[PDB]
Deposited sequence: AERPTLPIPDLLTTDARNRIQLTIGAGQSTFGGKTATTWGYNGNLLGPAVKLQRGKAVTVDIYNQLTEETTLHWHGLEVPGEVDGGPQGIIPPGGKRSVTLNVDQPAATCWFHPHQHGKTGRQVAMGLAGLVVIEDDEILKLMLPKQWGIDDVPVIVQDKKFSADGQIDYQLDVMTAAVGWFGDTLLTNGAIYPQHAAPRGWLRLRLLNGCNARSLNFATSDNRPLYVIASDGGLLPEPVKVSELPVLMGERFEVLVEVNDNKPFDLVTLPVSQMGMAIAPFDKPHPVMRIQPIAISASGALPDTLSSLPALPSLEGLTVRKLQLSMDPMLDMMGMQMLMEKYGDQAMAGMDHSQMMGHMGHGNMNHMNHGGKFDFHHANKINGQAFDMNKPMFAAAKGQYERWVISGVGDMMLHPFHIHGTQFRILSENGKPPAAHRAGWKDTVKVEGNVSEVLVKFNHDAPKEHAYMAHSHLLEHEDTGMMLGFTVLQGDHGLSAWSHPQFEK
């Protein structure tokens, strides 16, 4: 009796070379209770916008909410002016158009709001969509590619609800400290759905769309997952894993084997992050049921996928230090609240500017620095002196991780990424920005634990000129 997995529509340009996105409020049902929800072209979540490398598209965005919002293309390398950070306000009842000139490798990216101080609430209410970038190279690989049959997006999110059935979002001292988390897991908006998949190989495009919760994917019968792509695109070869940790905002594409008369579940395993192994997440928790079917499939697991360029020489590059911090009093009170409500299981395994980078809370009208254009830079990001998890994301770039929180990156994490783990230690990434970003439409760099972002842990930076 499980509902079928909802499939976002795959949306391409029309004869005018446009795509229309409407942002609005509607209603959804969760376990027989109605909730007010927000969506793109719909009442919850959104479509998957399909783009080709080297082709321009124009996106018309209609805000039919009664409050301001913005639309950011997470993972897509575009100029500040169309990046849709906090300065890209779309008035309630208004329309903004952006032209996107796609110039990066095939990848699964996504889109969501970036309204200043309110991003967590707007994502919790339901706003998220997907971007599918294709190029010439990926289409020659004979990967599974029937959308909604053997090539399927999997957007995983937690929410909590009040007794009246509404989504229960509060930015308070506990949530500003540890993040907004809940007791109900959704998969493309549904609770424990089933997906009917052809015998052979199934391609899952995994997105952790949670506000604050880290995930760790595995299968019910321990069959392996073959990682084929990260945030910014294909890896050089598939990497076989028994489990796959995924931070907030991260994407991975995996292939899994589907065999006759053997259903299995995709699950998430308990994580060690504060607050996130509370019941029902103290044990392995189901995400979706895979049901084998006997319709045609042509997809395969290739020996080779692509080629990564060599990491450049590190001598001579500009180094930028980014020190993350949390107000000791916020940490104090939030942790105490968490302990009092839930006890030891919560540790298993004015705060509106309390969270900072280099001693400064986000200033929308003062960028912290100007980065070079077209030149490699080394950015060193530290959570030393703090216990919380900071998945650190940088707009405008796909980067390479040199060191991740005390160690070289795992093989499946060594390709193109837009997020890096920072948690009580220091990480180092190699970045290059191909496009301009002025003071009036600056690039953001921030923790993707959304409650931290909303209470100050973000900076603006410009990109202007390069070598002179």
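Exercise. Take the full deposited sequence, match it to the modelled residues, and report the stretches without C-alphas.
Key: Gaps vs deposited seq, in order: 1, 351-374, 494-505.
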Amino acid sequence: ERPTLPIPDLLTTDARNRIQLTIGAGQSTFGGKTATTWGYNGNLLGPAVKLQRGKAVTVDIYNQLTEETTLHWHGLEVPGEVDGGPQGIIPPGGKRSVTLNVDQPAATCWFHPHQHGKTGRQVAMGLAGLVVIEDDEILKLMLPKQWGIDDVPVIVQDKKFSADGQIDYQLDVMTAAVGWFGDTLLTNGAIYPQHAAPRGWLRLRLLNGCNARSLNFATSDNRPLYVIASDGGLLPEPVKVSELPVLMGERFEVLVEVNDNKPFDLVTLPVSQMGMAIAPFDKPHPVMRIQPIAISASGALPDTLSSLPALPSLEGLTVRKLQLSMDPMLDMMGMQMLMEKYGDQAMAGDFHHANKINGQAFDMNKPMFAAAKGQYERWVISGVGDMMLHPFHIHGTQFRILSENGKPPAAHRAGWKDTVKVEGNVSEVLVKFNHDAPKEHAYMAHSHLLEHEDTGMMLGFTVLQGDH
From here on, numbers count along this sequence of modelled residues.
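Exercise. Would you mind comparing 109-117 and 277-285 for me and telling me which has the higher average C-alpha temperature factor in the entry?
Key: Higher mean C-alpha B-factor in the PDB entry: 277-285.
Quiz item: Which has the higher mean CA temperature factor in the PDB entry, 433-441 or 36-44?
Solution: Stretch with the greater average CA B-factor: 433-441.
Quiz prompt | Top residue by Cα temperature factor, when 314, 197, 235, 124 are compared in the entry | solution = Comparing C-alpha B-factors across 314, 197, 235, 124, the maximum falls on 314.
Practice problem: Can you pull the Cα B-factors for 171, 357, 154, 185 from the entry and say which is highest? | Solution: In the PDB entry, the greatest C-alpha B-factor among 171, 357, 154, 185 is found at 171.
Quiz prompt | residue 215 CA temperature factor, ranked by third within the chain | solution = Tercile = lowest for this residue's CA B-factor.
Quiz prompt | CA B-factor ranking of residue 55, expressed as a third of its chain | solution = For residue 55, the deposited C-alpha B-factor lands in the highest third.
Quiz prompt | Chain-wide C-alpha B factor ranking for residue 102, given as lowest, middle or highest third | solution = Answer is highest: the recorded C-alpha B-factor places it there.
Self-check item: Third assignment of residue 253 from its chain's C-alpha B-factors
Solution: It falls in the bottom third of the chain.
Practice problem: Name the third of the chain's ranked CA B-factors that contains residue 447, choosing lowest, middle or highest. | Solution: It falls in the bottom third of the chain.
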